[PDB]
Amino acid sequence: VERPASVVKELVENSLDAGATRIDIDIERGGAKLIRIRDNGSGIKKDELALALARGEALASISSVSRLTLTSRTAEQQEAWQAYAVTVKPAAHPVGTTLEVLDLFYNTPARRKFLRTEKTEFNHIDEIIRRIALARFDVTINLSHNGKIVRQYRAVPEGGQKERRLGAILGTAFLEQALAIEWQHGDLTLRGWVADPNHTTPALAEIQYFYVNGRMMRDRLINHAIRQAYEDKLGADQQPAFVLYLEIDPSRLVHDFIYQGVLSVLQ
Amino acid sequence: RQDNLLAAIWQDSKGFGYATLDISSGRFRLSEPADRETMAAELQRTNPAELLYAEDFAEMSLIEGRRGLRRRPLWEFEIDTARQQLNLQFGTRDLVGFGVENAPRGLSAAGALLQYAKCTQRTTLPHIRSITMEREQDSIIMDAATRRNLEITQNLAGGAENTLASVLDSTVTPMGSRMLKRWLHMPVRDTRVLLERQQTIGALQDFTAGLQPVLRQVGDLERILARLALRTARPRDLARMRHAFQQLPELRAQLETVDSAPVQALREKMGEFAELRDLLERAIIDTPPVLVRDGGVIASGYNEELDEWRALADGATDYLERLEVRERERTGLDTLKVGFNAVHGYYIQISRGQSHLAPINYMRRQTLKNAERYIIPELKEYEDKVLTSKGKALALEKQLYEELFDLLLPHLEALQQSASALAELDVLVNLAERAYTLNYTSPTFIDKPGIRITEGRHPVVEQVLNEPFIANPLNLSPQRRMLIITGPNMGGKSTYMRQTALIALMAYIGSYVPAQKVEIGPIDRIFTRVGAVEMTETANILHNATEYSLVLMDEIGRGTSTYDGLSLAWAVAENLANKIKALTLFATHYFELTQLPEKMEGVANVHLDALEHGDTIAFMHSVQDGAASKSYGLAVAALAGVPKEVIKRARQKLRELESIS
Amino acid sequence: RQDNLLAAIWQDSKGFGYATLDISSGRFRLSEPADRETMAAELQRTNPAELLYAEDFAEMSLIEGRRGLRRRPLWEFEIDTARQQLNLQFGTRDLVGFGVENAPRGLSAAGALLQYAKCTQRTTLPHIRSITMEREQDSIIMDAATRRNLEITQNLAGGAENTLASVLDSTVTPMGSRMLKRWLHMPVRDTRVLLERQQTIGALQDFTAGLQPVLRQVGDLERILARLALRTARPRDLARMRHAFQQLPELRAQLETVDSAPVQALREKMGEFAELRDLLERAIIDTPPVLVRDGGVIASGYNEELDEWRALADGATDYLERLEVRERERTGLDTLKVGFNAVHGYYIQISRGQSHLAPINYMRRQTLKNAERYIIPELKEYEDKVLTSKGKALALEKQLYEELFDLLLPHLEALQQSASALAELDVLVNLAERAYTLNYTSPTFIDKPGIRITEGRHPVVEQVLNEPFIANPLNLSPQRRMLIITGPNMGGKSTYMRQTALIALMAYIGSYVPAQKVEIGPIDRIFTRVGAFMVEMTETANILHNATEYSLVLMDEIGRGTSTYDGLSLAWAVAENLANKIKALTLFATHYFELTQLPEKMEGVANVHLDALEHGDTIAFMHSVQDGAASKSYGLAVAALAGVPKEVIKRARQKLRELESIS
DNA sequence: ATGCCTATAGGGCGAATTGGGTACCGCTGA
DNA sequence: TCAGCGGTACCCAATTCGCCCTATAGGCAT
Ligand SMILES: Nc1ncnc2c1ncn2[C@@H]1O[C@H](COP(=O)(O)OP(=O)(O)NP(=O)(O)O)[C@@H](O)[C@H]1O
Ligand SMILES: Nc1ncnc2c1ncn2[C@@H]1O[C@H](COP(=O)(O)OP(=O)(O)NP(=O)(O)O)[C@@H](O)[C@H]1O
């Protein structure tokens, strides 16, 4: 839990695991003086709150290590209970859970030096959300900084228009060049988008993201498979731009499944 | 089946003022029809059997075809006597509690009618017990008490932060900020016009982001056109106008794809003045200086002769360099430098040691401490061609610049329409962005007065509050036409009341409302009350409010004793449930009023449930069917900082008082 | 005897912020010393056994000679954590009820101290329940709530109508209106300076009439001096300055006869600067145009070379007239007229019928619809000498005008002192006018806190009303240190409260006070409560914590609460507190008749009420303060007088006797 | 070692923003 | 009437504050 974006990552995930379709992720002073995650997920009882801190792994990994203010109201008729620092008294909050947490950094001087300025650190927080956003197209995420609402990733209906939010995450540049992919061989199902290598510019080359059953894994296997496909359509071998989604039944065959899916879409 | 009705009318330089009286019933009323046809329709409507007019009435044509006419003096229609006489007639110290105090044009008619009534009748007329103003514009009738309380444009302090403006005012251009502000002080109630906006706002929800940067380029075109009409426009104003003209091809393309006939209409009203674009592009430099006084405004290529007189002033530096060089060679003085001076003009300066080694051609202009400056015929000749060419090129610049007013003013009207349309687009697209951003719904209008909110929220409070707004449901109708909202401080008494008031107003600017779902009925008058006077405003609401009016009574009961404010609140609630049947909201601390839902038909008990745990407290902020459980100032007192020892003395004195009841 | 004290300090670009804590008592204080020596004196005064500082503290010289020093990180002194931590410590939703909310510089120290206190002690600290701002300067303590409520300078709307300003602001010049507004913002409490003004105002009461017309000639000299320093001053600004300079001989004569050493001191600070008068009199025309841009500013006789370049432009109309005449004679064309054009220059226009009957000397410049305009060498030569001489004379006018800044700026300081003194004279003479007109009295200051008013009145309400204010007296002291003011609505109990507040403030600008006779004691903090609970109770708590034995407390309707059992019970404890513990000067305007049992309960408290006579539905308010309590409710009687329908009033009286039948 | 990545801090540029300048607005004895 | 005539509101426009960005080094697993 060393980077401020790490705290986010865990906590934003903690909402998704509670079955959340709305995430209010809020920050101030580039994540140094506010880290707030509010959801419309499932609430947590006054009982389970206490010893979760004193998901229960991550909550405790930050709770007594920060000024953590964990409040929630169970969907079942109750009164929103609220913790601090190890003290439960009731607040009033909607169905779900909220962690208006201040900087983990408290008794660690060296961890302040570890802080890589800020603005850059909320730009890293943005990337966490930006990634998580593409993983879950069913969850709404409104990202804010300094009280200023920054980015607005609104939940698309099941098999709806994905491009707006996609374009919100990846800017207008990619959205224009976005060529959709739909490959399927047995248990393996590949979906997503690719920018046309003909009109691929330096700005688009910043986007290289690959999601496998929700979780993103930065694996070099996929880099070969993609830069094999980007080479064997047109001669030029520049930096690609893509966002792709593979669903598999819970390696080298998968590599070949990927490559074949791309080249057919581009032409 | 007609009655004997009496009336009076008077006018100033501004408009007209009107008043009436039926001697059978005792109904006395007031109005200020601004135009003629409205005034003619008002006489035609009431149809008085006896009609007053002041000897010097200008627009006589109205009354010369009416019956039972009465020529009256002027002094009778004077506001001083009118106010004084009518105050003592009703027995008040002011006519603020009739909502006519700041309608002096109409009070001249009312004042003259009563002085005539007191002279026509000359008996006791207690039937005349009240008057009321009826600015029944499609615009909603709102006392300034509402605008200062709702904080539409101004908070309690006097700033424009934590307003409905501040929130909705993410408008890119100032003329958008102002049309937004005017809409909020003049809510449209023409259900057709409101639906025109709601269909517009729904279609631009998707395209909101792309249009907004294009609108930020325009600037305040509306106030630039006002200076253009005055013939006082500045170059930097015309630069903004050109920058705006370039965006019209772009906006005509983006809005062409959008599916909304109102949008396609506004797109045509926007029009295109690409002819005026061409003129200003050719005429003016990309970014000229502040004033026309300084010149350097009109670009080269527009006027041949501008460039001619410029070419004289441009052949300057090379003429002086070759002089400076030749005269440095010829004399043998290397400190010789030819430069300009605003005061004296051009000159030839030589160092004091080399000064008197200069030739006989040189005439002394300026003696310095360190040098001797001179002037020669060739310079003094070249001095003339510059100084005059500057002025004549600059004079041509002033004349051309005013001539551009004669080229633009033919479209002046069309540009105001375009500017209004562009300003309206910024508002609508801004609201389309706000409704997209803040997840607002389209409220649909019904026939009878009533607001049905589904998980609604305070459009301002939710935005600035760190925590989420606890959404509140509402069901107002002529069946449920009043809600006794008893509760704690930080209960949400004031919030749920004022949240309802904004929802109505926001719904009546055709803008998407802060709620999951709203269905709302006719609300003509929005009347509001808050502590600074008190009784003055409440009475106005009593007299003015109708079956359709929205009443927002806040803590009536800040009184002389427990009894005078409970008794009045109980009577006012009865009145608005028994007689008037207005859509009424009566947030209050009087739990004794919670005996009215059993007393009255139409009144309903609601409360903002608060659950106290430990020493501290939680406020659910959710409206529940019932009443307040206990007092909450004790719980709040600590939360306002107060030492716990007088909270202790409060709880120690509480149980001495609570032991009785 | 000797204490164990803990403290912390931090600074921004603006000034310093400070905080302390004694673990024996549980006192927790705050301050914002603006300058260095004040900050050094504050450390020297408190003398903490343990002292905090942020790693990047700039002015280290303060703390390098102190004991038990502690180097702390920066982030600990951040306002975000400070506010959050301290809010949950006290349990409040804001620190407004400590009167420190808008002191963020000091809260950085307090925020860092508590985080450190919670860690140094880690023990029972409920003896810490509050923080308070002890201002480095205690000359006067005023809340924005007073300034907005009393309407000293600004009414509820935001304008300056029916304020204490509007009344006292009959000042002839705007710089007088502003110094009047600042004094009201900063009431002087230095007895000597207050008596300096009262002796000044007494002496000018008679001489006020003569001086006031002379002060109206000055205009806003203060803002003219601001532009003079910026080198952006305008001719009509310099015209006002000269018009002001001419009045200094006149004012030095009128004030010489007046018997007041403070006036004679102000008269010397007034100065004369009859040299700077001579300069501007010679330099500038009596009334020049708005801007310097188009010249016509500097008078002839000042600069000989200005007059030279003018003489070229002055030999203009007669040169063209004699041409126009000679050419009209020679040609025989009477429609021949020689005129100027900005675009083309000068010309000779002849009517179209006579146009082609002109001589061969004439060269065509401009063809018109109705005429033919021409140019000749004599004119085209004369055209040059004008156009250029205009610009150069005008250019010399810009330079000379900027040079006059070089001549005036040596006395810039002395003129600001003079302008401040002239502005002060307008204020003082204006107040001396008000005191003369309304027969205001000179209040004299005593040692212990207490206001003794004899037939005193609301200085503002009395002026606007169409009935003389029913002036009422007062008797405050640390013996009679609270008054329970019950009575009707429009009873005049908020008025008598607010009338007392202005009287104190007006007495503390050294101005003659709206009363027959006043003797007043030290009032350091003027605290007020403004109706409309989360607004109301926050301010009341601030006034509980902050108010001292000497502070003036002005409670209005403590009790606009969730019931008559919460509001009373609070108000009850508040009255006890300010009579039992604080024993402070309190005016408690309320409708809680149950609190009228406190004069028998408490020592220092006294029952008073506003007499009113009701006949039928109508009611008449005597507006006179009587020792006792309110008779009954009065809202019923008022309701009708505010317009409320008799259908409500009857239903009020019908519901009244259903409720009054119980009690 | 090392080599491609990666955050960084000063610098540059853009967006608010309030003082300064202007066009306007009564208006004030004369 | 009247001609300044000072005030006054208000629209700029350079200034101030915050946001971005690209050369400028480091950086850490390999
Ligand atoms: N529905 C709500 N959701 C969130 N916060 C709320 C809600 N209702 C009220 N509040 C908060 O409650 C506080 C003030 O409540 P409000 O209802 O205005 O006062 P009240 O209960 O009438 N007492 P008073 O302060 O005298 O007006 C503010 O902090 C509001 O943000
Ligand atoms: N001494 C007085 N002489 C004449 N009129 C007065 C006097 N005191 C108050 N008034 C008038 O009384 C009215 C309001 O008085 P005020 O003291 O505000 O009433 P209250 O009893 O305090 N109730 P509230 O209006 O709620 O503050 C105004 O019209 C004042 O001008």
# chains A, B, ... in the order shown; residues from 1 in each chain; ligands from 1

$ residues_around --residues "segment 19-26 of chain D" --least-positions-apart "4" --cutoff "9 Å" --atoms "only C-alpha atoms (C1' of nucleotides)" --output "PyMOL selection string"
(chain B and resi 232) or (chain E and resi 7-9+11-12)

$ select_by_dssp --residues "segment 5-208 of chain A" --states "alpha helix (DSSP H)" --output "ChimeraX atom specification"
/A:5-17,46-53,56-62,110-114,120-135,163-177

$ residues_around --residues "residue 264 of chain A" --least-positions-apart "5" --cutoff "10 Å" --atoms "only C-alpha atoms (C1' of nucleotides)" --output "compact mmCIF listing (two decimals) with N, CA, C and O atoms, in the first residue's frame"
# COMPACT_ATOMS: atom_id res chain seq x y z
N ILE A 181 -13.44 -5.60 -32.53
CA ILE A 181 -13.02 -7.01 -32.79
C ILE A 181 -14.00 -7.94 -32.07
O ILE A 181 -14.41 -7.61 -30.93
N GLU A 182 -14.36 -9.06 -32.72
CA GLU A 182 -15.23 -10.14 -32.17
C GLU A 182 -14.76 -11.49 -32.73
O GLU A 182 -15.25 -11.90 -33.80
N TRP A 183 -13.82 -12.14 -32.03
CA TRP A 183 -13.26 -13.47 -32.38
C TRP A 183 -13.76 -14.51 -31.37
O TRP A 183 -13.94 -14.15 -30.19
N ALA A 229 0.88 -8.88 -35.55
CA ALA A 229 -0.33 -8.49 -36.32
C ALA A 229 -0.16 -7.11 -36.96
O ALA A 229 -0.63 -6.93 -38.10
N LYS A 233 0.33 -6.71 -41.61
CA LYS A 233 -0.73 -6.06 -42.43
C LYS A 233 -0.07 -5.01 -43.33
O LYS A 233 -0.21 -5.13 -44.57
N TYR A 259 -3.73 -13.33 -32.26
CA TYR A 259 -3.11 -12.86 -33.53
C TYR A 259 -4.13 -12.92 -34.67
O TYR A 259 -4.28 -11.91 -35.40

$ select_by_dssp --residues "segment 36-195 of chain A" --states "strand (DSSP E or B)" --output "ChimeraX atom specification"
/A:36-39,70-73,81-82,89-90,95-101,140-145,148-153,178-185,188-195

$ interface_residues --of "chain A" --to "chain C" --cutoff "12 Å" --atoms "only C-alpha atoms" --output "list in words"
residues 28, 29, 32, 33, 34, 66, 67, 68, 69, 83, 84, 85, 87, 89, 100, 101, 102, 103, 105, 106, 107, 108, 109, 110, 112, 113 and 146 of chain A

$ atom_distance --atom1 "atom CA of residue 501 of chain C" --atom2 "atom CA of residue 594 of chain C"
25.5 Å

$ atom_distance --atom1 "atom CA of residue 375 of chain C" --atom2 "atom CA of residue 363 of chain C"
5.2 Å

$ closest_residue --among "C:194, C:393, C:535, C:241" --to "ligand 1" --atoms "only C-alpha atoms and all ligand atoms"
C:535

$ interface_residues --of "chain B" --to "chain C" --cutoff "7 Å" --atoms "only C-alpha atoms" --output "MDAnalysis selection string"
chainID B and resid 91:93 97 158 342:344 384 387:388 392 395:396 488:489 530:532 535:536 539 558:565 567:568 571:572 589:590 631:634 637:642 646:647 649:650 653:654 657

$ write_last_selection --atoms "N, CA and C atoms" --output "compact mmCIF listing (two decimals), in the first residue's frame"
# COMPACT_ATOMS: atom_id res chain seq x y z
N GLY B 91 -55.60 49.37 8.61
CA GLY B 91 -55.10 49.51 9.99
C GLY B 91 -53.65 49.04 10.13
N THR B 92 -53.00 48.71 9.01
CA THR B 92 -51.58 48.23 8.99
C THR B 92 -50.63 49.43 9.10
N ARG B 93 -49.36 49.17 9.38
CA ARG B 93 -48.27 50.19 9.35
C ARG B 93 -47.59 50.16 7.98
N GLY B 97 -47.74 43.31 3.49
CA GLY B 97 -48.49 42.06 3.75
C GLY B 97 -49.67 41.89 2.83
N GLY B 158 -24.59 37.53 0.58
CA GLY B 158 -24.63 38.45 -0.57
C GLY B 158 -23.73 38.04 -1.73
N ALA B 342 9.48 61.64 -28.92
CA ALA B 342 8.04 61.95 -28.95
C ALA B 342 7.84 63.46 -28.80
N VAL B 343 8.65 64.11 -27.95
CA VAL B 343 8.52 65.54 -27.56
C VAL B 343 8.95 66.45 -28.72
N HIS B 344 10.18 66.28 -29.20
CA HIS B 344 10.87 67.19 -30.16
C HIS B 344 10.81 66.64 -31.60
N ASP B 384 8.21 65.77 -41.51
CA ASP B 384 6.84 66.18 -41.95
C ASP B 384 6.08 65.00 -42.55
N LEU B 387 5.03 62.40 -39.58
CA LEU B 387 4.08 62.95 -38.56
C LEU B 387 2.67 63.09 -39.15
N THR B 388 2.58 63.57 -40.39
CA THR B 388 1.30 63.85 -41.10
C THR B 388 0.70 62.54 -41.62
N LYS B 392 -3.02 60.95 -40.82
CA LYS B 392 -3.98 60.80 -41.94
C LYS B 392 -4.35 59.32 -42.11
N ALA B 395 -6.39 58.81 -39.10
CA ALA B 395 -7.68 59.50 -39.31
C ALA B 395 -8.58 58.64 -40.19
N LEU B 396 -8.01 58.07 -41.26
CA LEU B 396 -8.68 57.11 -42.18
C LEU B 396 -9.11 55.87 -41.40
N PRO B 488 -35.68 17.68 14.02
CA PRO B 488 -34.49 18.26 14.64
C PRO B 488 -33.85 19.38 13.81
N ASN B 489 -32.87 20.10 14.37
CA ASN B 489 -32.06 21.07 13.58
C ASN B 489 -31.07 20.14 12.90
N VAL B 530 -38.45 33.49 5.86
CA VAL B 530 -37.22 33.23 6.67
C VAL B 530 -36.97 34.42 7.60
N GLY B 531 -36.39 34.18 8.78
CA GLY B 531 -35.95 35.20 9.74
C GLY B 531 -35.00 36.21 9.12
N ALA B 532 -35.23 37.48 9.41
CA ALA B 532 -34.38 38.64 9.03
C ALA B 532 -32.98 38.48 9.64
N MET B 535 -44.49 38.53 10.41
CA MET B 535 -45.96 38.58 10.24
C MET B 535 -46.26 39.26 8.90
N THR B 536 -45.49 40.30 8.54
CA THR B 536 -45.63 41.10 7.29
C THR B 536 -45.64 40.17 6.07
N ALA B 539 -48.56 37.14 5.97
CA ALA B 539 -49.87 37.76 5.62
C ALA B 539 -49.99 37.90 4.10
N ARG B 558 -41.78 32.20 15.59
CA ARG B 558 -40.65 32.93 16.21
C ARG B 558 -41.40 34.10 16.85
N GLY B 559 -42.20 33.83 17.91
CA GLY B 559 -43.14 34.81 18.48
C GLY B 559 -42.93 35.33 19.89
N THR B 560 -43.91 36.08 20.41
CA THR B 560 -43.86 36.73 21.74
C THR B 560 -44.02 35.74 22.89
N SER B 561 -44.64 34.59 22.64
CA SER B 561 -44.88 33.54 23.66
C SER B 561 -45.11 32.22 22.93
N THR B 562 -45.16 31.10 23.64
CA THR B 562 -45.46 29.79 23.03
C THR B 562 -46.83 29.88 22.38
N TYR B 563 -47.80 30.53 23.04
CA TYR B 563 -49.20 30.58 22.56
C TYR B 563 -49.41 31.42 21.30
N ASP B 564 -48.93 32.65 21.16
CA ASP B 564 -49.30 33.47 19.97
C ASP B 564 -48.81 32.85 18.65
N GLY B 565 -47.74 32.05 18.62
CA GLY B 565 -47.08 31.55 17.39
C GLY B 565 -47.64 30.18 17.05
N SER B 567 -50.81 29.18 17.98
CA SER B 567 -52.23 29.54 17.66
C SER B 567 -52.31 30.08 16.23
N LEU B 568 -51.36 30.94 15.83
CA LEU B 568 -51.30 31.54 14.47
C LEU B 568 -50.96 30.43 13.48
N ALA B 571 -53.89 28.13 12.94
CA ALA B 571 -54.88 28.91 12.17
C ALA B 571 -54.50 29.08 10.70
N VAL B 572 -53.24 29.35 10.41
CA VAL B 572 -52.66 29.54 9.04
C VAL B 572 -52.73 28.19 8.33
N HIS B 589 -41.06 23.74 14.27
CA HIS B 589 -40.59 23.03 15.48
C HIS B 589 -41.80 22.70 16.35
N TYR B 590 -43.01 23.14 15.96
CA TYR B 590 -44.24 22.99 16.76
C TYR B 590 -44.82 21.57 16.53
N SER B 631 -37.18 17.00 21.57
CA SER B 631 -36.34 18.20 21.35
C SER B 631 -34.93 17.74 20.94
N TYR B 632 -34.23 18.55 20.15
CA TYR B 632 -32.93 18.17 19.53
C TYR B 632 -31.91 19.29 19.65
N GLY B 633 -32.29 20.49 20.05
CA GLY B 633 -31.35 21.61 20.34
C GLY B 633 -30.25 21.20 21.30
N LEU B 634 -30.55 20.35 22.27
CA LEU B 634 -29.61 19.82 23.30
C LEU B 634 -28.50 19.05 22.60
N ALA B 637 -26.62 21.63 20.23
CA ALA B 637 -25.89 22.61 21.06
C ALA B 637 -24.41 22.24 21.10
N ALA B 638 -24.06 21.01 21.48
CA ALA B 638 -22.68 20.47 21.53
C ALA B 638 -22.03 20.54 20.13
N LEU B 639 -22.80 20.17 19.10
CA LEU B 639 -22.35 20.12 17.68
C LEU B 639 -22.09 21.54 17.16
N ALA B 640 -22.62 22.57 17.84
CA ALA B 640 -22.38 24.00 17.55
C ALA B 640 -21.24 24.54 18.43
N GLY B 641 -20.63 23.70 19.28
CA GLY B 641 -19.38 24.01 20.00
C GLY B 641 -19.59 24.22 21.50
N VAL B 642 -20.81 24.56 21.91
CA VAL B 642 -21.20 25.03 23.27
C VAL B 642 -20.54 24.11 24.30
N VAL B 646 -23.22 23.55 30.24
CA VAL B 646 -24.51 24.26 30.07
C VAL B 646 -25.47 23.38 29.28
N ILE B 647 -24.94 22.41 28.49
CA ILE B 647 -25.75 21.29 27.89
C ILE B 647 -26.25 20.42 29.05
N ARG B 649 -26.64 21.52 32.18
CA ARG B 649 -27.59 22.42 32.86
C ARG B 649 -28.89 22.50 32.04
N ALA B 650 -28.80 22.37 30.71
CA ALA B 650 -29.95 22.28 29.79
C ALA B 650 -30.72 20.99 30.06
N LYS B 653 -32.28 21.15 33.56
CA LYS B 653 -33.48 22.04 33.50
C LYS B 653 -34.55 21.40 32.61
N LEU B 654 -34.15 20.67 31.57
CA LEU B 654 -35.07 19.92 30.66
C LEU B 654 -36.00 19.02 31.48
N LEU B 657 -38.63 20.57 33.48
CA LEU B 657 -39.74 21.04 32.60
C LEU B 657 -40.48 19.84 32.00

$ closest_atom_pairs --of "chain C" --to "ligand 2" --cutoff "10 Å" --atoms "only C-alpha atoms and all ligand atoms" --output "tab-separated table"
residue	atom	partner	partner_atom_place_in_ligand_line	distance
C:456	CA	ligand 2	1 (N)	9.6
C:457	CA	ligand 2	1 (N)	7.1
C:458	CA	ligand 2	1 (N)	7.3
C:460	CA	ligand 2	31 (O)	9.8
C:461	CA	ligand 2	31 (O)	6.0
C:462	CA	ligand 2	3 (N)	7.2
C:464	CA	ligand 2	31 (O)	8.4
C:465	CA	ligand 2	31 (O)	6.3
C:466	CA	ligand 2	4 (C)	8.9
C:467	CA	ligand 2	4 (C)	6.6
C:468	CA	ligand 2	3 (N)	6.8
C:469	CA	ligand 2	3 (N)	4.0
C:470	CA	ligand 2	1 (N)	4.2
C:471	CA	ligand 2	1 (N)	5.9
C:472	CA	ligand 2	1 (N)	7.2
C:485	CA	ligand 2	22 (O)	9.5
C:486	CA	ligand 2	21 (O)	8.3
C:487	CA	ligand 2	21 (O)	6.6
C:488	CA	ligand 2	21 (O)	5.0
C:489	CA	ligand 2	21 (O)	3.2
C:490	CA	ligand 2	19 (O)	3.2
C:491	CA	ligand 2	21 (O)	3.9
C:492	CA	ligand 2	17 (O)	3.1
C:493	CA	ligand 2	17 (O)	4.4
C:494	CA	ligand 2	22 (O)	3.9
C:495	CA	ligand 2	17 (O)	4.3
C:496	CA	ligand 2	8 (N)	6.5
C:497	CA	ligand 2	17 (O)	8.2
C:498	CA	ligand 2	17 (O)	8.6
C:499	CA	ligand 2	8 (N)	8.8
C:531	CA	ligand 2	26 (O)	9.0
C:556	CA	ligand 2	27 (O)	7.9
C:557	CA	ligand 2	26 (O)	8.2
C:589	CA	ligand 2	22 (O)	7.5
C:590	CA	ligand 2	22 (O)	8.5
C:591	CA	ligand 2	21 (O)	8.7
C:610	CA	ligand 2	21 (O)	8.2
C:621	CA	ligand 2	5 (N)	7.9
C:622	CA	ligand 2	3 (N)	7.7
C:623	CA	ligand 2	1 (N)	4.6
C:624	CA	ligand 2	1 (N)	6.6
C:625	CA	ligand 2	1 (N)	8.8
C:634	CA	ligand 2	21 (O)	9.5
C:635	CA	ligand 2	23 (N)	9.6

$ residues_near_ligand --ligand "ligand 1" --cutoff "9 Å" --atoms "only C-alpha atoms (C1' of nucleotides) and all ligand atoms" --output "PyMOL selection string"
(chain A and resi 92-93) or (chain B and resi 457-458+461-462+464-472+487-499+554-555+587-589+608+619-623) or (chain C and resi 93+532-537+560-562)

$ interface_residues --of "chain B" --to "chain E" --cutoff "12 Å" --atoms "only C-alpha atoms (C1' of nucleotides)" --output "number ranges by chain"
B: 174, 220, 223-224, 227, 233-237, 289-291

$ interface_residues --of "chain D" --to "chain A" --cutoff "10 Å" --atoms "only C-alpha atoms (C1' of nucleotides)" --output "count of residues only"
3

$ interface_residues --of "chain C" --to "chain D" --cutoff "12 Å" --atoms "only C-alpha atoms (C1' of nucleotides)" --output "NGL selection string"
:C and (226-227 or 230 or 232-234 or 290-291)

$ atom_distance --atom1 "atom CA of residue 128 of chain A" --atom2 "atom CA of residue 202 of chain A"
22.3 Å

$ residues_around --residues "segment 76-78 of chain A" --least-positions-apart "6" --cutoff "12 Å" --atoms "only C-alpha atoms (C1' of nucleotides)" --output "VMD selection string"
(chain A and resid 42 to 46 90 to 96) or (chain B and resid 611 618 620)

$ residues_around --residues "residue 330 of chain C" --least-positions-apart "3" --cutoff "10 Å" --atoms "only C-alpha atoms (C1' of nucleotides)" --output "ChimeraX atom specification"
/C:325-327,333,358-359
